[PDB]
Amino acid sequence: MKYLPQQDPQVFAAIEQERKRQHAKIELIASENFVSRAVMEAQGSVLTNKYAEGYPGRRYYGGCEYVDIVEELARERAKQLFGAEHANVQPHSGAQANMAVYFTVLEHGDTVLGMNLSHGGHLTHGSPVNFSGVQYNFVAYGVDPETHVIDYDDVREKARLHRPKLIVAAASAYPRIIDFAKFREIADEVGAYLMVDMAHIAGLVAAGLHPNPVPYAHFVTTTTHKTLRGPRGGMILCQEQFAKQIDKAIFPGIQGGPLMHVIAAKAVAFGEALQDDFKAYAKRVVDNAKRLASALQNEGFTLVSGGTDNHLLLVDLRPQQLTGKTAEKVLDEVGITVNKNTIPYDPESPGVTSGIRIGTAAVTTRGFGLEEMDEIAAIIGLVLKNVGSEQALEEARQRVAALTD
């Protein structure tokens, strides 16, 4: 940076602290990643100056010839990545992407069937304090109490009982592959639309390491950040039959002017994901997650579903008689960033929890591999087995520092 340090010392000092923090800590929050310098440059461009309500070639302001090229690059690259018939790259966030799909097919009070929030479903999949649960009548399907895998017979029973207009598949804390074919079969049986929210797994889908929901879902929503490793924002994919309605849902439905600089950054991120080296990256993400899971089990930890098929895992801390809150706190003391997370059938409140959620996308981006996964697991074991020992925590602190340099 050249101008910010002189113009705004206060803001610059805080940004620099954050930059140094991002290097120093071991980032295991499953939704986190580190974008490329090219992505950041695109976000830091003069494109922020342009109003471009509408769509490429169909804008409500003149002078959009070049931002049109940018938006079309984003849309076409997205279609290439996911094999979707249509892309909308304007959603401001994952929340807004979901909001738009709901706005498209649902009326106020319509019934929607989503994943139980305490079993891995997202806030926007029906929380009573979120617009989703307030505007629509959400019902939930669960995971099996033993295997922690989605109970597809429960999905089916809930669908047949409640007759939802829409079924939502996908999760913020589900460590196994989701069977989109079965979701569509159930949807077809009850005459419901199927929406898949692939936010967490989008990068893995792009790399062919998780089955693609696009062929099975009427609508696919996603964040552009997370495993896709793009800028912060949302996206909708859908078949051509819903393209016009989806576009109208985003604008003039729920948003105004799009963030053209962020859309530029989306294009850049999609370009990166199209490359062979992103596929290798995504494989290392999944390989690292498996290794970390196995190494944690070797340290004596119990994992929800007994492991992982993707980028993330959930530790069930009940055998250690620890809450997620306690674990999150003490790991923060040593420079490991996780979040407390409700486990399926958690006896604890969402404010306390019995689990921690861990993902490997960020550390993989930093170049961590199998050996590092072993060490992270060993440090986590050292910490959580010795929460009352300042010397153990100091050793952990030093070992964390050794990993990040």
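Note that residue numbering follows the sequence shown and begins at 1.
As recorded in the PDB entry, 109 to 117 is the stretch of 262 to 270 and 109 to 117 with the greater mean C-alpha temperature factor. Just going by the entry, 323 to 331 versus 238 to 246 on mean CA temperature factor gives the higher value to 238 to 246. The residue among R163, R229, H200, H92 whose C-alpha atom has the highest B-factor in the PDB entry is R163. Ranked by C-alpha B-factor against the other modelled residues of its chain, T342 falls in the highest third.
When all modelled residues of the chain are sorted by CA temperature factor, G369 is found within the middle third. Annotation for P213: C-alpha temperature factor in the middle third relative to the rest of the modelled chain, per the entry. Sort the modelled residues of the chain by CA B factor and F301 lands in the highest third.
When the modelled residues of the chain are ordered by C-alpha B-factor, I15 sits in the middle third.
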